[PDB]
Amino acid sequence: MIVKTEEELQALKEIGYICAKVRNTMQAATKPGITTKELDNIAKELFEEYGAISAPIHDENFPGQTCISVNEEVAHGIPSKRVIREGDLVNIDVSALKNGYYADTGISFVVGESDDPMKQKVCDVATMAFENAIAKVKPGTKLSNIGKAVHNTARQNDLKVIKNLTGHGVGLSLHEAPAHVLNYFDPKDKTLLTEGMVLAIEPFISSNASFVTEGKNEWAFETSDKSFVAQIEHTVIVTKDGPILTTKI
């Protein structure tokens, strides 16, 4: 959406806070021996407490408050009896609405220690990619400069991006214009950011695969080669004074 009023801004900051709070709490609770359903239950309880509702359930009838994706799963993982183990690469993606306004945020992290430092590496580089992407964000700038930054960051670190996952406009719905914020540069795209524009920016950084495929069920996205992939996602408002992240605390 385009923010035009204080009251819209306040609504967006409110639901952004809630999603960040849920995301942080779930991440903190993630340890060997907990199931992803147990983690999802944390979101259930905090969403209720803060008067928000799950965006995956509301907008998509997703079977879970949040999306929790582990190891082979990159995105859209269904919380379940799956138990977290030492070394797991976990993505927790939290999106929700309150009073008609939305936020969307996500983080990948390593549980304890993996035997393969690449899991942390893709996490490190996803964080860098996000930072580099938003350095480029102001009214009038090319949407495609976001993907350019993300892919450049990947390349600088001998990594790849997931080309067929994207960011999106967000605000009055989970997904609205601009339809796709790419993780790479499209020379032909003349779409610009504007004052007040709200975007979910979510770089996916991969150790090998450049795309995801259908996974173990109707929802999960995976890589067949079991690449390690990390996401960082925030909801961002484009302003003259710089980006405002509603989902950063």
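Start at 1 and count along the sequence shown; that's the residue number.
Quiz item: Would 23-31 or 57-65 have the larger average of its C-alpha temperature factors, as given in the entry?
Solution: Between 57-65 and 23-31, it is 57-65 that shows the higher mean C-alpha B-factor.
Self-check item: Per the entry, higher mean C-alpha B factor between 34-42 and 214-222
Solution: Result of the comparison: 214-222.
Quiz item: Considering only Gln120, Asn99, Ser95, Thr166, which residue's Cα atom bears the greatest B-factor as recorded?
Solution: The record points to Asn99.
Quiz item: When the CA B-factors of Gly171, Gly106, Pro139, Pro79 are compared as recorded in the entry, which is the largest?
Solution: Answer for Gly171, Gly106, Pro139, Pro79: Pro139, with the highest C-alpha B-factor.
Quiz item: By the record's CA B-factor, is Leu192 among the lowest, middle or highest third of residues in the chain?
Solution: Answer is middle: the recorded C-alpha B-factor places it there.
Quiz item: If you rank every modelled residue in this chain by C-alpha B factor, which third holds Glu73: lowest, middle or highest?
Solution: As the PDB entry reports it, the C-alpha B-factor of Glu73 lands in the middle third of its chain.
Exercise. Determine, from the deposited record, the chain-internal third of the Cα B-factor for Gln156: lowest, middle or highest.
Key: According to the entry, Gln156 has a C-alpha B-factor in the chain's middle third.
Quiz item: Taking the C-alpha B-factors as the PDB entry records them, is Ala179 in the lowest, middle or highest third of its chain?
Solution: For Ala179, the deposited C-alpha B-factor lands in the highest third.
Quiz item: Which third, lowest, middle or highest, does the CA B-factor of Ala133 fall in along this chain?
Solution: CA B-factor rank for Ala133: lowest third.
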